[PDB]
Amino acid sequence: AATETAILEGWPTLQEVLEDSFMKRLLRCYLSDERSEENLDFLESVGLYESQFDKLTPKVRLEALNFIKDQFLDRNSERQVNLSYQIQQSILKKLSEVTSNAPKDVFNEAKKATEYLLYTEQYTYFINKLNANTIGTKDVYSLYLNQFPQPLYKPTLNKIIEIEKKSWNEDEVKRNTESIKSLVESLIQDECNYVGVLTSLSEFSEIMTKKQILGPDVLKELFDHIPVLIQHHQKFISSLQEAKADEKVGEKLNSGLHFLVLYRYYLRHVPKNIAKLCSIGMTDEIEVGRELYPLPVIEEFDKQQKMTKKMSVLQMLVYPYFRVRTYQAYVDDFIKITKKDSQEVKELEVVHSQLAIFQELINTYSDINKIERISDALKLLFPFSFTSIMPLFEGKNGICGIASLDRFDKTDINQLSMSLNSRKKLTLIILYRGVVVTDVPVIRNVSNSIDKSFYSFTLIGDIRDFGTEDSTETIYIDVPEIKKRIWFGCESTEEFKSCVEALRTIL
């Protein structure tokens, strides 16, 4: 009860805090700031005693018992747990009778008494502090951030990608800044759309269970805490659509968004998330039968989402990682149309700090560049079907180089020359996990399709070597498995060099 009751609805139980490394570190900063670590320290010692027990001799178990006693439970001890008389007397009486053969559960009674104190006197105040009106403006978040002390791509590719990003932002819900009322309407519609994405993932999770495609463990690795976040976002939406909520914007964002820290429970799985779903998609059907073949199940959902929400399933998995940016963009807009120097604008500045803080917390336990590179790779390859892209995202991935092609050919491996009249308008995309050629307009008009395949595709592991005829800006790769040399003729010297350097680093 002390470990499995949530004192705040939708917020983790003590056990759920203790079992996550990020959340436990926050609790520990909080406890350390108050200089009251004894309860947690006692619980970890007991935990360590129990996990060490089986492989130790009785002699060494007794040593460990006496040490733990001397630290936390003895009447003169330095880190004494604040046990009341009637509890302390029961515990020490029993301990004083264990002189001989220390059992594995000698600390059960004391453990239960200490969990009770941790839950009631400490964990309770910790969860309350994460929900205080003043969190994120020398609190537990900044104490935590004080324990921690650069472009996504090399120059030529960075320019190309940055160009495409200007177009990717022409979606979707424009923020209507006519008035504050109008801007809240925008945010409500945005949240509703976003919850629609989260709800679709939830339903996809349901589909995989009913089909027995995945067990409960793998589904946790994919969708952990997604239902809990949906609930908080729904509570936020209900708050925003309250009558004259346009009069209380600052307060609603502050209190409505404290739960953002809880994104940790989902985000700790990103981007392993994506890699796993790809692994699942790549299982040969012969190993599971036509019946439990996951691929057509993923494909049907992916196709469905791309037609409906213009997002693939892999994009939806990485999407929540960037949610805070949307809130920061809204807050900057609310501030701009709010009366200068007013109380209402000071409330919004507070929210501005909070959101910057949430983003910082996320950065301490994830690799932003790795995740952003994956996210960019998914937007660029949106026209391609899940089946076509999955080997590319089965591990860490990113775009390493892009060149539009003037010529292309496939000869036998080791052939010194390509054929004449091999002129084709194509695009070469070098990715970390593979080399792609496509006839699909993928950079700048761009395709409105969602079902495309790759004209040429080579897993990076299947490339023995590569060469270049620099004279004509030509790149070739030798691919033994299929006994082919594949030739890429580039239009830009610039993109040619970009692509050569890319292959040099990757291969």
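So that there is no doubt, residue numbering starts at 1 and follows the sequence shown.
Peer 1: For the stretch from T137 to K138, please bin the deposited residues that the model skips: none, 1 to 3, 4 to 9, or 10 or more.
Peer 2: Gap between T137 and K138: 1 to 3 unmodelled residues.
Peer 1: Unmodelled residues of the deposited sequence between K59 and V60: none, 1 to 3, 4 to 9, or 10 or more?
Peer 2: According to the record, the chain runs unbroken from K59 to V60.
Peer 1: Out of 384-392 and 300-308, which one has CA B-factors that are higher on average in the deposited record?
Peer 2: The entry gives the higher C-alpha B-factor average to 300-308.
Peer 1: Got a sec? Mean C-alpha B-factor, which is higher, 81-89 or 429-437?
Peer 2: Taking the mean B-factor of the alpha carbons in each, 429-437 is higher.
Peer 1: Based on the PDB record, which member of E34, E38, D465, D54 exhibits the highest Cα temperature factor?
Peer 2: In this record, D465 carries the highest C-alpha B-factor of the candidates.
Peer 1: Given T283, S239, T364, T114, identify the residue with the highest C-alpha B factor in the PDB entry.
Peer 2: Max CA B-factor in the entry, restricted to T283, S239, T364, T114: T283.
Peer 1: State the tercile, meaning the lowest, middle or highest third, of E494 with respect to the CA B-factors recorded for its chain.
Peer 2: For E494, the deposited C-alpha B-factor lands in the highest third.
Peer 1: Based on the entry's values, in what third of the chain does the Cα temperature factor of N101 lie: lowest, middle or highest?
Peer 2: Tercile = highest for this residue's CA B-factor.
Peer 1: By the recorded C-alpha temperature factor, relative to the other modelled residues in its chain, which third is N445 in?
Peer 2: Within its chain, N445 is a highest-third residue by C-alpha B-factor, going by the deposited values.
Peer 1: Lowest, middle or highest third: where is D190 by C-alpha B factor in its chain?
Peer 2: Middle third - that is where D190 ends up once the chain's C-alpha B-factors are sorted.
Peer 1: Considering only modelled residues of the same chain, in which third does the CA B-factor of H352 rank: lowest, middle or highest?
Peer 2: Within its chain, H352 is a middle-third residue by C-alpha B-factor, going by the deposited values.
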